[PDB]
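Residues per chain, in single letters:
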Amino acid sequence: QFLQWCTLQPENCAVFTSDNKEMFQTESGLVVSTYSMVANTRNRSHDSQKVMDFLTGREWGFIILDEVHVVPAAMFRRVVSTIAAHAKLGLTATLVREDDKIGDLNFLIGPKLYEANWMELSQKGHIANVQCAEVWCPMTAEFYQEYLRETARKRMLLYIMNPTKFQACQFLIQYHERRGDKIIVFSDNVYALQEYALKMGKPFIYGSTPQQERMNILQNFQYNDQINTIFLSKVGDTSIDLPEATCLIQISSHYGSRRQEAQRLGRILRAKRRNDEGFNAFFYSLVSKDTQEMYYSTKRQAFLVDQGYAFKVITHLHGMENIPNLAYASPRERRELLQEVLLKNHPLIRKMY
Amino acid sequence: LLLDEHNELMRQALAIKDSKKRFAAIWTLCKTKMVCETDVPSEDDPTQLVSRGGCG
Amino acid sequence: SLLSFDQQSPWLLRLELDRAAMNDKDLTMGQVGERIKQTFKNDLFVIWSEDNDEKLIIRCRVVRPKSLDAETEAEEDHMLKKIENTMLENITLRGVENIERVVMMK
Amino acid sequence: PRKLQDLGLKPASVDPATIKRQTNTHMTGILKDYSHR
Ligand SMILES: [Mg+2]
Ligand SMILES: [Zn+2]
């Protein structure tokens, strides 16, 4: 983005990442790194130790902290005191967090200069309109019985993998795919991600996936028409640009965090055709009824309401029954899945040896 | 010459007064160089390369 | 009786030292026993007889590691033939290297 | 070539000393390599 938007010559630009660790030798240059590469203190590599000395030795004139909502953490705050810089700037789409340390930003980097409305840009064509929706999936009788006896830690997995959600996701994916819409399915649970991905034969991404493989997946989804839907995870929760994405779905969630809700929605807010007549992006939030999900759903969506977004309650999805095949339609499959998920919890002597 | 004054090891070799031993030192350093090194790292620092008369 | 030994190898290396030789140069089996013990710190067990014994004998045993090497049994005796040869040559009981013999003159 | 240049005539050649000789596997087989755009 730097290279494309400004006239910065490539020679003066250096990238400080895990892959390559060569630094610019020109009088003035740019180093783009991450907090983990500047906030880590105990274990730095020999290749990464020289770069850290290179960063520390020189007196920087400006620091750009992207996603400044992570700087007030326990250890990330150490960087602001160690590194030398005459001016500090913070960039973040969301300036809220669970703890009260958000107010500490005043004396850490400075006050908040400007903020921009969401609906104002939506009506001016700068960002796309969204038909936010909230789908209520009733809990199946069999699973709900274990929900009462089971503990909180295992209860989460119980009502997140109810068979009804599987049926709704399959119908929605097929219906939206024929509509020529690029769908994104979020799921914080890796086990559910793999099970959903393998059951539907679609690519999935999470922490263990290598950078090379995910890049190929992203490019294929972006430019290859065959891959119209993907399965993102917490890794893709923020700071990944998908200009072709228009529809968004989320299965699991990281409890009550309202920030993650806004970041995930941002993937479709930058859709390609955000100015064509009558364009309305879609955001579906499948949640199990009579579970702790309602506590987390209404608690993690209180920020978007403040911005101006309004969620539409979908108690019934029209035409869901007429779809030819639905997953876990028979009791036998439901029982099999129930047990499967329930069971989850002398240098010469050297030759001798 | 395969090695110019840009190399510290060559600098000391060229500082030898007597001809017979100076030639031996140069031969030892130069006989293991299998390329002309059209561009050589600058002596001020190894970041940028200073161009010298060569053919690669 | 005076006293690990479970994993000691059953192959024994026995060295018979000359009573006269250890008396030509002031030596005792205790010091040389430690000399062998320090060449290889604790990878083999050694017992040495006393001076009063009619015959001077050193018994050495190599101790195998916890992991079992099925392939080394074929060369187990050969390895003993190797270390013993190096124990006869590469061991410096006392003195300065490259010193063959010393004679006293007045 | 050097002799001609010294006498004034432009040589139509140069000394040959100047020339410088310079996780998921179920999708395998489906993803096309869109490396560039
Ligand atoms: Mg960003
Ligand atoms: Zn040359």
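Residues numbered from 1 in each chain as written, not as in the entry; some residues may be left out. Chains lettered and ligands numbered in written order. Part of a larger assembly, values for the part shown. Heavy atoms only, no water.

Its PDB record attributes the structure to cryo-EM, giving the resolution as 3.4 Å.

Caption draft 1: Spotlight on the overall build of chain A. For chain A, the helix and strand inventory stands at 15 helices and ten strands. Considered along the principal axes of its C-alpha atoms, chain A spans approximately 75 × 70 × 45 Å. Taking all 353 residues of chain A together, the buried fraction comes to 44%. In the form shown here, chain A has an accessible surface area of approximately 20,300 Å², with 51% of it arising from carbon and sulfur atoms. Mean positive and mean negative side-chain charge positions of chain A (42 and 38 charges, respectively) differ by 4 Å. (Helix = DSSP H or I, 4+ residues; strand = E, 2+ residues; numbered from the N terminus. Buried < 20%, exposed > 50% of the residue type's maximum accessible area, 1.4 Å probe, protein only. Areas by Shrake-Rupley, 256 points an atom, 1.4 Å probe, with all protein chains shown as cover. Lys, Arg positive; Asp, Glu negative; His and termini not counted. Charge placed at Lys NZ, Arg CZ, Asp CG, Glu CD.)

Caption draft 2: Region of interest: the packing of helix α9 (residues 163-178) of chain A against helix α10 (residues 190-200) of chain A. Residues and elements named next belong to chain A. With their axes 12 Å apart at the nearest point, α9 and α10 run at an angle of 50 degrees to one another. Between α9 and α10, the interaxial angle falls into the category oblique. As α9 packs across α10, the resulting crossing turns out to be right-handed. Contacts between α9 and α10 involve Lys165, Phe166, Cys169 and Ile173 on the former and, on the latter, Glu195, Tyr196, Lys199 and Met200. When the residues that make up the contact of α9 with α10 are grouped by side-chain class, the tally is five nonpolar, no polar and three charged. (Axes fitted to C-alpha atoms, helices over the stretch in contact; angles between N-to-C directions. Parallel < 35°, antiparallel > 145°, perpendicular 65-115°, else oblique. Left-handed = near helix turned anticlockwise from the far one by under 90°. Contact = heavy atoms within 4.5 Å. Nonpolar A, V, L, I, M, F, W, Y, C, P; charged D, E, K, R; others polar.)

Caption draft 3: Broad picture of helix α12 (residues 258-269) of chain A. Residue and element names in this part refer to chain A. An ideal rise of 1.5 Å per residue puts 16 Å on twelve residues; α12 measures up with 17 Å between its terminal C-alpha atoms. Most of α12 sits inside the fold, with ten of its twelve residues counted as buried. Taken as a whole, α12 has its buried residues at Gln260, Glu261, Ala262, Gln263, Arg264, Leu265, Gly266, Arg267, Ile268 and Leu269. Against β5 (129-137), β6 (183-186), β8 (247-250), β9 (280-288), α13 (293-300) and α14 (302-307) lie the buried residues of α12. (Expected span 1.5 Å × (residues − 1).)

Caption draft 4: View of the sheet that holds strand β3 (residues 56-63) of chain C. All names here are of chain C. The strand order across the open sheet built from three strands is β1-β3-β2, with neighbouring strands paired in antiparallel fashion. Each edge of the sheet is formed by a strand with only one pairing partner; in this case those strands are β1 (8-17) and β2 (44-48). Across the sheet, the mean angle from the axis of one strand to that of its neighbour is 20 degrees, orientation sign disregarded. Judged from the five bridges that link them, β2 and β3 form a sheet pairing that is antiparallel. Of the residues in β3, the one forming a bridge with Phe45 is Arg61. Contacts between helix α2 (residues 29-39) and the sheet are confined to β2 and β3, with β2 contributing the most and set at about 170 degrees to the helix. Its contacts with the sheet put helix α3 (residues 76-89) on β1 and β3, and the angle it makes with β1 is roughly 35 degrees. (Pairing = 2+ DSSP bridges.)

Caption draft 5: The arrangement of the coordination of the zinc ion (ligand 2) in detail. Residues and elements named next belong to chain B. Taken together, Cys36 (SG) and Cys55 (SG) make up the full set of protein donors to the zinc ion (ligand 2), lying 2.3 Å away. Of this pair, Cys36 sits in the loop between α2 (19-30) and β1 (39-41) while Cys55 sits in the segment after β2 (49-51), placing them 19 residues apart in sequence. A relative accessible area of 38% places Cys55 in the partly exposed class. (Donors = N, O, S within 2.8 Å, 3.2 Å for Na, K, Ca; no water.)

Caption draft 6: Highlighting the pairing of strand β4 (residues 88-91) of chain A. Residue and element names in this part refer to chain A. Where strand β3 (residues 63-66) lies against β4, four bridges are found, and the strand directions are parallel. The partner of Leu65 across the bridge, within β4, is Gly90. Handedness of the β-α-β unit built from β3, helix α4 (residues 77-82) and β4 comes out right-handed. (Right-handed = clockwise from strand over helix to strand, strands pointing away.)

Caption draft 7: Structural view of the packing of helix α7 (residues 141-149) of chain A against helix α15 (residues 331-342) of chain A. All names here are of chain A. Running from N to C, α7 and α15 cross one another at 25 degrees; their axes reach a closest spacing of 10 Å. Between α7 and α15, the angle is such that the two are roughly parallel. Crossing angle aside, the handedness with which α7 passes α15 is right-handed. Only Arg334, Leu337, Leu338, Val341 and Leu342 of α15 make contact with α7, whose side of the interface consists of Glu142, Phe143 and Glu146. Along the lines of polarity and charge, the residues of the contact of α7 with α15 split into five nonpolar, no polar and three charged.

Caption draft 8: The arrangement of the interface of chain C and chain A in detail. Taken together, the eleven residues of chain C in the interface contact six residues of chain A. Both faces combined, the contact of chain C with chain A buries some 840 Å², and carbon together with sulfur accounts for 69% of it. Of all residues in chain C, the largest losses of buried area upon contact with chain A belong to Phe40, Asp43 and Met79 of chain C, amounting jointly to 44% of the total for that side. Applying the counting rule to chain C against chain A returns three residue pairs in polar contact. (Buried area = accessible area lost by both parts, 1.4 Å probe. Polar contact = N/O pair within 3.5 Å; in protein donor to acceptor, adjacent residues only side chain to side chain.)

Caption draft 9: Region of interest: a negative patch on the surface. Residue and element names in this part refer to chain C. On the surface, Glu50, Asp51, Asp53 and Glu54 cluster together to form a negatively charged patch. Mapping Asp53 onto the fold places it in the loop between β2 and β3. On the basis of relative accessible area, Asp53 is assigned to the partly exposed category, the value being 32%. (Patch = residues over 30% accessible without salt bridge, like charges linked within 9 Å, V, L, I, M, F, W, Y side chains within 5 Å. Salt bridge = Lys/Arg side-chain N within 4 Å of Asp/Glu carboxyl O.)

Caption draft 10: A look at the arrangement of the chains. Of all four pairs of chains that touch, the greatest number of contacts is found between chains A and D. The smallest C-alpha distance separating chain B from chain C is 34 Å, and no contact links them. In this view chain C stays clear of chain D, with the nearest C-alpha atoms of the two still 34 Å from each other.

Caption draft 11: Quick peek at the interface of chain A and chain D. The interface is formed by 18 residues belonging to chain A together with ten residues belonging to chain D. At the junction of chain A and chain D, the tally comes to zero salt bridges. The interface formed by chain A and chain D includes four residue pairs in polar contact. Counting residues per element, the side of chain A that touches chain D draws most heavily on helix α11 (residues 211-223) of chain A, which supplies six residues. Of the residues that constitute the side of chain A that touches chain D, the class distribution is nine nonpolar, seven polar and two charged.

Caption draft 12: Expanded view of the nonpolar core. Residues and elements named next belong to chain A. Formed by 45 residues in total, the largest nonpolar core has its most connected members in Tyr196, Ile251 and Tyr284. In terms of residue count, the dominant contributor to this core is α9 (six residues). Beyond its immediate sequence surroundings of up to four residues, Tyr196 is in contact with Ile160, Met161, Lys165, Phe166, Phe231 and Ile251. Core analysis: the second largest hydrophobic core is formed by 27 residues, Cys132, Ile184, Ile205 and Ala281 among them. (Core = buried A, V, L, I, M, F, W, Y, C linked by side-chain atoms within 4.5 Å.)

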